[PDB]
Structures are given as C-alpha cells and as structure tokens.
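Note sheet for the following structure.
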Amino acid sequence: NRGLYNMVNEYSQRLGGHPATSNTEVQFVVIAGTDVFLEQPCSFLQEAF
Amino acid sequence: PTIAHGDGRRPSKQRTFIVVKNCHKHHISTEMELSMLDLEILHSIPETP
C-alpha cells in the first residue's frame with residue numbers, strides 16, 4: 001500500500017516476498033535464501049498473464 | 001579460487017584439482033609381398049646385359 005518511492009525499493013531490496021528454489025523436482029520456498037537471484041514482478045503488481 | 005561472501009553459507013575452502021590424462025596407443029601396420037624370383041637374383045651379382 002506504500003508510495004512509489006517505497007514500492008520499487010521494497011521490490012529491489014532482495015525481498016523475495018514469494019520466492020522459489022531454482023533446481024528441485026518439486027517447487028519449494030527458499031528459507032535462508034541469499035544465494036538465489038530472483039524477483040517477482042507478478043508478486044510486485046499482483047497480476048497474472 | 002573462489003569468491004568470499006558477505007552473507008551466510010558454508011563456504012568452500014581452497015579447492016585444488018589434480019587431473020591426469022593417460023596416453024593412447026595405436027598400432028598401424030600393413031603387408032607387402034615380394035617374389036622370391038625378385039629376391040634371389042637381387043642377392044646375386046650378374047655379368048650379362
């Protein structure tokens with residue numbers, strides 16, 4: 001809900017608000033995840049194609 | 001060599017690979033024939049044109 005200066009900082013600040021583990025047979029969520037490089041613009045702007 | 005990190009992981013120490021490559025061998029050969037009528041008179045000395 002925050003403003004536009006806050007929105008893309010919180011999207012760029014290595015948030016991983018809804019991440020996934022890169023190489024596994026079934027998709028999980030990362031815990032203690034800093035080695036994996038991932039951002040979610042769908043989770044940024046709440047929309048699916 | 002490796003990269004140091006700021007964040008948490010169990011980091012690899014100084015790695016060092018020793019890899020060896022063995023030689024091959026190739027044994028190429030063929031066969032020629034020579035007639036004994038061209039070997040006896042080769043091993044003689046003629047005096048006739």
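Chain lettering (A, B, ...) mirrors the order of the structure tokens, residue numbering begins at 1 for each chain separately, and ligand numbering begins at 1 in order of display.
Residues surrounding segment 7-23 of chain A within 10 Å are residues 1, 2, 3, 4, 5, 25, 26, 27, 28, 29, 30, 31, 33, 34, 36, 37, 38, 39, 40, 41, 42, 43, 44 and 45 of chain A [only C-alpha atoms; sequence separation below 2 positions excluded].
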Find the residues in chain B near chain A: any atom within 10 Å counts, using only C-alpha atoms. Write them as a PDB file with N, CA, C and O atoms, in the first residue's frame.
```pdb
ATOM      1  N   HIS B   5      32.148 -14.462   0.597  1.00  0.00           N
ATOM      2  CA  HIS B   5      30.800 -13.928   0.685  1.00  0.00           C
ATOM      3  C   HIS B   5      30.622 -13.073   1.922  1.00  0.00           C
ATOM      4  O   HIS B   5      31.352 -13.198   2.907  1.00  0.00           O
ATOM      5  N   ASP B   7      27.260 -12.753   3.049  1.00  0.00           N
ATOM      6  CA  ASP B   7      26.124 -13.379   3.684  1.00  0.00           C
ATOM      7  C   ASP B   7      26.480 -14.792   4.118  1.00  0.00           C
ATOM      8  O   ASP B   7      27.593 -15.278   3.906  1.00  0.00           O
ATOM      9  N   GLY B   8      25.518 -15.452   4.742  1.00  0.00           N
ATOM     10  CA  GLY B   8      25.791 -16.748   5.311  1.00  0.00           C
ATOM     11  C   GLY B   8      25.743 -17.882   4.315  1.00  0.00           C
ATOM     12  O   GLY B   8      24.774 -18.022   3.564  1.00  0.00           O
ATOM     13  N   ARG B   9      26.808 -18.677   4.286  1.00  0.00           N
ATOM     14  CA  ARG B   9      26.799 -20.008   3.705  1.00  0.00           C
ATOM     15  C   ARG B   9      27.899 -20.801   4.384  1.00  0.00           C
ATOM     16  O   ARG B   9      28.677 -20.260   5.169  1.00  0.00           O
TER      17      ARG B   9
END
```
(message) Would you pick out the contacts of segment 10-27 of chain B at 8 Å or less, using only C-alpha atoms, so that residues sharing its chain but fewer than 4 positions from it are not included, and give the list as a PyMOL selection string?
(response) chain B and resi 1-2+4
Quick one: write out the picked residues with N, CA, C and O atoms as a PDB file, in the first residue's frame?
```pdb
ATOM      1  N   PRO B   1      40.254 -20.848  -7.573  1.00  0.00           N
ATOM      2  CA  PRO B   1      39.921 -19.924  -6.495  1.00  0.00           C
ATOM      3  C   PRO B   1      38.419 -19.797  -6.361  1.00  0.00           C
ATOM      4  O   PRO B   1      37.654 -20.238  -7.216  1.00  0.00           O
ATOM      5  N   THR B   2      37.996 -19.182  -5.266  1.00  0.00           N
ATOM      6  CA  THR B   2      36.584 -18.974  -5.010  1.00  0.00           C
ATOM      7  C   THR B   2      36.329 -17.529  -4.622  1.00  0.00           C
ATOM      8  O   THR B   2      37.257 -16.744  -4.424  1.00  0.00           O
ATOM      9  N   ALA B   4      34.745 -14.924  -1.836  1.00  0.00           N
ATOM     10  CA  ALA B   4      34.305 -14.780  -0.463  1.00  0.00           C
ATOM     11  C   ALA B   4      32.878 -14.263  -0.488  1.00  0.00           C
ATOM     12  O   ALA B   4      32.438 -13.706  -1.495  1.00  0.00           O
TER      13      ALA B   4
END
```
